[PDB]
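See below for start34.txt, which holds compact mmCIF, C-alpha atoms and all ligand atoms.
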```txt
# COMPACT_ATOMS: atom_id res chain seq x y z
CA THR X 1 170.21 70.79 210.50
CA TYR X 2 172.23 72.52 213.22
CA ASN X 3 174.85 70.63 215.21
CA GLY X 4 176.24 72.13 218.40
CA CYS X 5 174.92 75.61 217.61
CA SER X 6 173.47 77.84 220.32
CA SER X 7 170.28 79.83 219.72
CA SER X 8 172.26 83.00 218.91
CA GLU X 9 174.47 81.07 216.49
CA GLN X 10 171.42 79.61 214.73
CA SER X 11 169.93 83.09 214.34
CA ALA X 12 173.19 84.49 212.97
CA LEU X 13 173.49 81.56 210.55
CA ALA X 14 169.93 82.07 209.31
CA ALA X 15 170.74 85.70 208.47
CA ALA X 16 174.12 84.79 206.98
CA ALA X 17 172.61 82.05 204.78
CA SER X 18 170.02 84.42 203.31
CA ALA X 19 172.64 87.12 202.73
CA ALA X 20 174.95 84.57 201.10
CA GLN X 21 172.14 83.52 198.74
CA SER X 22 171.73 87.21 197.81
CA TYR X 23 175.50 87.58 197.28
CA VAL X 24 175.59 84.61 194.91
CA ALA X 25 172.45 85.80 193.08
CA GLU X 26 173.83 89.29 192.47
CA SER X 27 177.26 87.91 191.55
CA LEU X 28 175.77 85.51 189.01
CA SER X 29 173.75 88.34 187.47
CA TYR X 30 176.87 90.48 187.25
CA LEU X 31 178.77 87.77 185.39
CA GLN X 32 175.85 87.29 182.99
CA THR X 33 175.63 90.96 182.02
CA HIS X 34 179.31 91.87 181.96
CA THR X 35 181.07 90.08 179.12
CA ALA X 36 184.14 92.30 178.91
CA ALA X 37 186.77 93.61 181.32
CA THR X 38 185.49 95.66 184.28
CA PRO X 39 187.13 96.77 187.57
CA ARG X 40 185.16 94.37 189.79
CA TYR X 41 185.97 91.41 187.55
CA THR X 42 189.68 92.00 186.87
CA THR X 43 190.44 92.95 190.47
CA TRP X 44 189.45 89.45 191.60
CA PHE X 45 189.72 87.27 188.52
CA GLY X 46 192.46 89.00 186.55
CA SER X 47 192.62 89.89 182.86
CA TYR X 48 189.32 89.18 181.14
CA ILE X 49 189.29 86.18 178.83
CA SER X 50 186.15 84.23 177.88
CA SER X 51 187.51 80.91 179.18
CA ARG X 52 188.02 82.16 182.73
CA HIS X 53 184.84 84.24 182.68
CA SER X 54 183.00 81.03 181.76
CA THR X 55 184.69 79.28 184.69
CA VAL X 56 183.51 81.78 187.29
CA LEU X 57 180.11 82.09 185.59
CA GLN X 58 179.75 78.32 185.97
CA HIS X 59 180.75 78.44 189.65
CA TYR X 60 178.07 81.02 190.43
CA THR X 61 175.45 79.32 188.27
CA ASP X 62 176.05 76.20 190.37
CA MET X 63 176.10 78.06 193.70
CA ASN X 64 172.91 79.92 192.77
CA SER X 65 171.16 76.53 192.51
CA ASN X 66 172.27 75.72 196.08
CA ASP X 67 169.77 76.45 198.85
CA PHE X 68 171.96 78.05 201.52
CA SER X 69 169.08 78.15 204.02
CA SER X 70 168.87 74.34 203.80
CA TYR X 71 172.59 73.83 204.45
CA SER X 72 173.54 71.84 207.53
CA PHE X 73 175.66 73.85 209.95
CA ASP X 74 178.03 72.61 212.65
CA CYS X 75 179.31 74.93 215.40
CA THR X 76 181.62 72.56 217.30
CA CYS X 77 184.94 73.97 215.99
CA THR X 78 186.51 76.62 218.24
CA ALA X 79 189.56 77.57 216.14
CA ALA X 80 190.00 81.35 216.50
CA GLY X 81 192.08 81.72 213.35
CA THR X 82 189.63 79.84 211.12
CA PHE X 83 186.27 81.19 209.93
CA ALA X 84 184.82 77.89 208.70
CA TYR X 85 185.53 74.74 206.70
CA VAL X 86 183.91 72.08 204.51
CA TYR X 87 184.66 68.77 202.85
CA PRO X 88 184.55 69.38 199.08
CA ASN X 89 183.05 65.92 198.56
CA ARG X 90 180.34 66.28 201.23
CA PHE X 91 177.96 68.89 199.87
CA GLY X 92 175.66 70.99 202.03
CA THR X 93 177.44 70.92 205.38
CA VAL X 94 179.45 73.85 206.68
CA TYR X 95 181.50 73.76 209.87
CA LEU X 96 181.82 77.08 211.70
CA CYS X 97 184.79 78.03 213.87
CA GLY X 98 185.72 80.87 216.24
CA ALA X 99 186.39 83.74 213.82
CA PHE X 100 182.94 83.27 212.27
CA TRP X 101 181.20 84.66 215.36
CA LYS X 102 183.43 87.75 215.37
CA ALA X 103 182.59 88.55 211.75
CA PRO X 104 179.75 90.86 210.60
CA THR X 105 176.74 89.36 208.79
CA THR X 106 177.63 91.18 205.58
CA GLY X 107 180.65 93.08 204.31
CA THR X 108 184.32 92.15 204.02
CA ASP X 109 185.28 88.81 205.58
CA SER X 110 181.65 88.56 206.66
CA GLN X 111 179.63 85.55 207.75
CA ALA X 112 177.64 85.71 204.52
CA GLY X 113 180.83 86.07 202.50
CA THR X 114 182.39 83.14 204.34
CA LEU X 115 179.47 80.95 203.28
CA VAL X 116 180.08 81.98 199.64
CA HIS X 117 183.76 81.08 200.13
CA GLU X 118 182.88 77.69 201.59
CA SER X 119 180.16 76.98 199.03
CA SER X 120 182.68 77.48 196.22
CA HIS X 121 184.76 74.66 197.74
CA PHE X 122 182.14 71.99 197.05
CA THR X 123 183.05 69.95 193.96
CA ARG X 124 179.47 70.32 192.69
CA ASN X 125 180.04 74.11 192.62
CA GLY X 126 183.49 74.15 191.04
CA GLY X 127 185.77 72.80 193.75
CA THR X 128 187.79 75.95 194.41
CA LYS X 129 190.97 75.72 196.47
CA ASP X 130 192.76 78.02 198.92
CA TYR X 131 195.75 79.47 197.07
CA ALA X 132 195.46 82.86 198.78
CA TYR X 133 193.77 84.42 201.82
CA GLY X 134 192.81 88.05 202.35
CA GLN X 135 192.11 90.88 199.93
CA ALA X 136 195.78 91.79 199.45
CA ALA X 137 196.87 88.25 198.55
CA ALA X 138 193.71 87.62 196.49
CA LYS X 139 194.34 90.75 194.41
CA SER X 140 197.98 89.74 193.97
CA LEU X 141 196.89 86.27 192.85
CA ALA X 142 194.50 87.81 190.29
CA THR X 143 197.32 89.87 188.76
CA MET X 144 200.02 87.18 188.92
CA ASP X 145 198.08 83.94 188.35
CA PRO X 146 194.49 84.49 187.09
CA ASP X 147 194.08 80.75 186.39
CA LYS X 148 194.38 80.11 190.13
CA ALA X 149 192.37 83.23 191.00
CA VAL X 150 189.26 81.84 189.28
CA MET X 151 189.87 78.68 191.33
CA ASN X 152 190.49 80.48 194.63
CA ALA X 153 187.73 80.62 197.24
CA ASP X 154 188.63 84.02 198.68
CA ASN X 155 188.62 85.62 195.23
CA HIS X 156 185.02 84.42 194.86
CA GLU X 157 184.19 85.74 198.33
CA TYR X 158 185.69 89.16 197.61
CA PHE X 159 184.12 89.39 194.16
CA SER X 160 180.75 88.74 195.82
CA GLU X 161 181.22 90.97 198.89
CA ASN X 162 182.35 93.76 196.55
CA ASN X 163 183.55 96.03 199.38
CA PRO X 164 184.80 98.59 198.65
CA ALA X 165 182.26 98.60 195.82
CA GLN X 166 183.53 98.51 192.24
CA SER X 167 181.74 98.78 188.90
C1 LIG B 1 191.37 95.08 186.93
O1 LIG B 1 192.34 95.27 185.87
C2 LIG B 1 191.76 95.91 184.67
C3 LIG B 1 192.94 95.98 183.71
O2 LIG B 1 192.77 95.28 182.48
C4 LIG B 1 191.02 97.20 184.92
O3 LIG B 1 190.10 97.37 183.83
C5 LIG B 1 190.26 97.27 186.29
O4 LIG B 1 190.14 98.64 186.67
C6 LIG B 1 190.94 96.41 187.43
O5 LIG B 1 192.09 97.10 187.95
ZN ZN B 2 188.80 78.05 201.88
```

Show this structure as structure tokens.
Ligand SMILES: *[C@H]1O[C@H](CO)[C@@H](O)[C@H](O)[C@@H]1O
Ligand SMILES: [Zn+2]
Amino acid sequence: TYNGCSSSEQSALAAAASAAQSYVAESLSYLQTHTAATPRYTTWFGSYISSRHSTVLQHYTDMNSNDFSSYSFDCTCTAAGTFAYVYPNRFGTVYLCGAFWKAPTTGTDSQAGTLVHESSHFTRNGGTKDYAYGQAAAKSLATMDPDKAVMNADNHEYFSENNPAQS
């Protein structure tokens, strides 16, 4: 259900939800077929170790079972610095803010990518936190503290967006 969303916002959300589902699907597949260190993995999740790979694999397995198109969306927030937000314990509802409408459907810091970021926050999906924001900080987190990287929402978003594309 939509709450406080204009017609244009509903249309953008519909496209973003479908793209986010695709992002999660492709990301899950990647994690299932790559069971050793690769550029795309280490860049966002740090040094490859089975434990952490299992952690992210679980997150995407859970998110893949989510139906993004059936999520409830709320467009009342007007915070320009925030893309969106959710309550980890209240699954299925995403609250969109100002920056969301200025973001492209797909790509880096995209609407679709933001939904992946927010979905990862739900406890049912792994309950990621926000230890770092942005590609620069996310990459730094992956190198310096991989344990937090696999529990950081933006690292999941960037791994999924994969832009620039990495093998
Ligand atoms: C992440 O780090 C690994 C190093 O183990 C590379 O394989 C990859 O290119 C990326 O920089
Ligand atoms: Zn977040």

Nearby residues, ligand LIG 1 (chain B), 12 Å, only C-alpha atoms and all ligand atoms, as a compact mmCIF listing (two decimals) with C-alpha atoms, in the frame of the given file:
```
# COMPACT_ATOMS: atom_id res chain seq x y z
CA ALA X 36 184.14 92.30 178.91
CA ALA X 37 186.77 93.61 181.32
CA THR X 38 185.49 95.66 184.28
CA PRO X 39 187.13 96.77 187.57
CA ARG X 40 185.16 94.37 189.79
CA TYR X 41 185.97 91.41 187.55
CA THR X 42 189.68 92.00 186.87
CA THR X 43 190.44 92.95 190.47
CA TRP X 44 189.45 89.45 191.60
CA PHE X 45 189.72 87.27 188.52
CA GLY X 46 192.46 89.00 186.55
CA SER X 47 192.62 89.89 182.86
CA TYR X 48 189.32 89.18 181.14
CA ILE X 49 189.29 86.18 178.83
CA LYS X 139 194.34 90.75 194.41
CA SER X 140 197.98 89.74 193.97
CA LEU X 141 196.89 86.27 192.85
CA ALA X 142 194.50 87.81 190.29
CA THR X 143 197.32 89.87 188.76
CA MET X 144 200.02 87.18 188.92
CA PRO X 146 194.49 84.49 187.09
CA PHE X 159 184.12 89.39 194.16
CA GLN X 166 183.53 98.51 192.24
CA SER X 167 181.74 98.78 188.90
```

Report the centre and edge lengths, in Å to one decimal, of an axis-aligned box enclosing every atom of stretch 39-45 of chain X listed in the file, padded by 4 Å on each side, as lines of an AutoDock Vina configuration file.
```
center_x = 187.8
center_y = 92.0
center_z = 189.2
size_x = 13.3
size_y = 17.5
size_z = 12.7
```

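For residue X:126, the residues within 8 Å (counting only C-alpha atoms, excluding itself and residues fewer than 3 positions away along the chain) are residues 58, 59, 62, 120, 121, 122, 123 and 151 of chain X.
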
Write a file of the just-selected residues containing C-alpha atoms, as a PDB file, keeping the file's coordinate frame.
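Writing the result to part.pdb gives the following:
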```pdb
ATOM      1  CA  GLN X  58     179.750  78.320 185.970  1.00  0.00           C
ATOM      2  CA  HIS X  59     180.750  78.440 189.650  1.00  0.00           C
ATOM      3  CA  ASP X  62     176.050  76.200 190.370  1.00  0.00           C
ATOM      4  CA  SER X 120     182.680  77.480 196.220  1.00  0.00           C
ATOM      5  CA  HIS X 121     184.760  74.660 197.740  1.00  0.00           C
ATOM      6  CA  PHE X 122     182.140  71.990 197.050  1.00  0.00           C
ATOM      7  CA  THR X 123     183.050  69.950 193.960  1.00  0.00           C
ATOM      8  CA  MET X 151     189.870  78.680 191.330  1.00  0.00           C
TER       9      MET X 151
END
```

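The two atoms in question, atom CA of residue X:84 and atom CA of residue X:22, are spaced 19.4 Å apart.
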
Residues of chain X that have any atom at most 6 Å from an atom of ligand ZN 2 (chain B): could you tabulate them with the shortest-distance atom pair and the distance in Å to one decimal, using all atoms listed in the file, ordered by chain and increasing number, as JSON lines?
```
{"residue": "X:118", "atom": "CA", "partner": "B:ZN2", "partner_atom": "ZN", "distance": 5.9}
{"residue": "X:130", "atom": "CA", "partner": "B:ZN2", "partner_atom": "ZN", "distance": 4.9}
{"residue": "X:153", "atom": "CA", "partner": "B:ZN2", "partner_atom": "ZN", "distance": 5.4}
```

Could you give me, as a short mmCIF file (atom, residue, chain, number, x, y, z; two decimals) with C-alpha atoms, in the coordinates of the input, the residues within 9 Å of residue X:12, counting only C-alpha atoms and dropping anything in the same chain fewer than 3 positions from it?
```cif
data_model
loop_
_atom_site.label_atom_id
_atom_site.label_comp_id
_atom_site.auth_asym_id
_atom_site.auth_seq_id
_atom_site.Cartn_x
_atom_site.Cartn_y
_atom_site.Cartn_z
CA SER X 7 170.28 79.83 219.72
CA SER X 8 172.26 83.00 218.91
CA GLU X 9 174.47 81.07 216.49
CA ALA X 15 170.74 85.70 208.47
CA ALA X 16 174.12 84.79 206.98
CA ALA X 17 172.61 82.05 204.78
CA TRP X 101 181.20 84.66 215.36
CA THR X 105 176.74 89.36 208.79
CA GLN X 111 179.63 85.55 207.75
#
```

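Shortest separation to residue X:30 among X:117, X:90, X:124, X:53 occurs at residue X:53, atoms counted being all atoms listed in the file.
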
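Shortest atom-to-atom contact with residue X:60 among X:150, X:103, X:96, X:86: X:150, counting only C-alpha atoms.
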
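Going from atom CA of residue X:97 to atom CA of residue X:64 covers 24.3 Å.
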
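You can rank X:81, X:104, X:164, X:128 by their closest distance to residue X:149 using only C-alpha atoms, and at the top of that list sits X:128.
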
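Put simply, atom CA of residue X:18 is 27.5 Å away from atom CA of residue X:137.
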
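When only C-alpha atoms are used to compute distances to residue X:145, the closest of the residues X:52, X:76, X:6, X:31 turns out to be X:52.
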
Restricted to N, CA and C atoms, what does stretch 31-58 of chain X look like when written out as a CSV table (one decimal), in the first residue's frame?
```csv
chain,number,residue,atom,x,y,z
X,31,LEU,N,26.6,-14.9,-5.3
X,31,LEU,CA,27.1,-15.5,-4.1
X,31,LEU,C,27.1,-17.0,-4.1
X,32,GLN,N,26.1,-17.5,-4.9
X,32,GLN,CA,26.0,-19.0,-4.9
X,32,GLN,C,27.0,-19.6,-5.9
X,33,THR,N,27.5,-18.9,-6.9
X,33,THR,CA,28.4,-19.5,-7.8
X,33,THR,C,29.9,-19.1,-7.6
X,34,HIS,N,30.1,-18.1,-6.8
X,34,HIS,CA,31.4,-17.6,-6.5
X,34,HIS,C,31.7,-18.0,-5.0
X,35,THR,N,32.6,-19.0,-4.8
X,35,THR,CA,32.9,-19.5,-3.5
X,35,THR,C,34.4,-19.3,-3.2
X,36,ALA,N,34.9,-18.3,-3.7
X,36,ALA,CA,36.3,-17.9,-3.5
X,36,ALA,C,36.4,-16.4,-3.8
X,37,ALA,N,37.5,-15.8,-3.4
X,37,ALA,CA,37.8,-14.4,-3.5
X,37,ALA,C,37.7,-13.9,-5.0
X,38,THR,N,36.9,-12.8,-5.1
X,38,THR,CA,36.7,-12.2,-6.4
X,38,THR,C,36.7,-10.7,-6.2
X,39,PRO,N,37.0,-9.8,-7.2
X,39,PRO,CA,37.0,-8.4,-7.0
X,39,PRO,C,35.7,-7.8,-6.5
X,40,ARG,N,34.5,-8.2,-7.1
X,40,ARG,CA,33.2,-7.7,-6.6
X,40,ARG,C,33.0,-8.0,-5.2
X,41,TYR,N,33.3,-9.3,-4.8
X,41,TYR,CA,33.1,-9.7,-3.4
X,41,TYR,C,34.0,-8.9,-2.4
X,42,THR,N,35.3,-9.0,-2.6
X,42,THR,CA,36.2,-8.4,-1.6
X,42,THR,C,36.2,-6.9,-1.5
X,43,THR,N,35.8,-6.2,-2.6
X,43,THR,CA,35.7,-4.8,-2.6
X,43,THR,C,34.6,-4.3,-1.6
X,44,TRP,N,33.5,-5.1,-1.5
X,44,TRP,CA,32.4,-4.7,-0.6
X,44,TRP,C,32.3,-5.5,0.7
X,45,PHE,N,32.9,-6.8,0.7
X,45,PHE,CA,32.8,-7.6,1.9
X,45,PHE,C,34.1,-8.0,2.5
X,46,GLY,N,35.2,-7.5,1.9
X,46,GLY,CA,36.5,-7.8,2.4
X,46,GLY,C,37.1,-9.1,2.1
X,47,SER,N,38.2,-9.5,2.7
X,47,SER,CA,38.8,-10.8,2.5
X,47,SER,C,37.8,-11.9,2.5
X,48,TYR,N,37.9,-12.8,1.6
X,48,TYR,CA,37.0,-13.9,1.5
X,48,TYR,C,37.3,-15.0,2.5
X,49,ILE,N,36.3,-15.3,3.3
X,49,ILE,CA,36.3,-16.4,4.3
X,49,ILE,C,34.9,-16.9,4.3
X,50,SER,N,34.8,-18.3,4.4
X,50,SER,CA,33.5,-18.9,4.3
X,50,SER,C,32.4,-18.4,5.2
X,51,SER,N,32.8,-18.1,6.5
X,51,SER,CA,31.9,-17.6,7.5
X,51,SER,C,31.1,-16.4,7.0
X,52,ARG,N,31.9,-15.4,6.6
X,52,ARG,CA,31.3,-14.1,6.1
X,52,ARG,C,30.6,-14.3,4.8
X,53,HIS,N,31.1,-15.2,3.9
X,53,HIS,CA,30.4,-15.4,2.7
X,53,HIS,C,29.0,-16.0,3.0
X,54,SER,N,29.0,-16.9,4.0
X,54,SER,CA,27.7,-17.5,4.4
X,54,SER,C,26.8,-16.4,4.9
X,55,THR,N,27.3,-15.5,5.6
X,55,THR,CA,26.5,-14.4,6.2
X,55,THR,C,25.8,-13.6,5.1
X,56,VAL,N,26.6,-13.1,4.1
X,56,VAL,CA,26.0,-12.4,3.0
X,56,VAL,C,25.1,-13.2,2.1
X,57,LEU,N,25.5,-14.5,2.0
X,57,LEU,CA,24.6,-15.4,1.2
X,57,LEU,C,23.3,-15.6,1.8
X,58,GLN,N,23.3,-15.6,3.2
X,58,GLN,CA,22.0,-15.8,3.9
X,58,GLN,C,21.2,-14.5,3.8
```
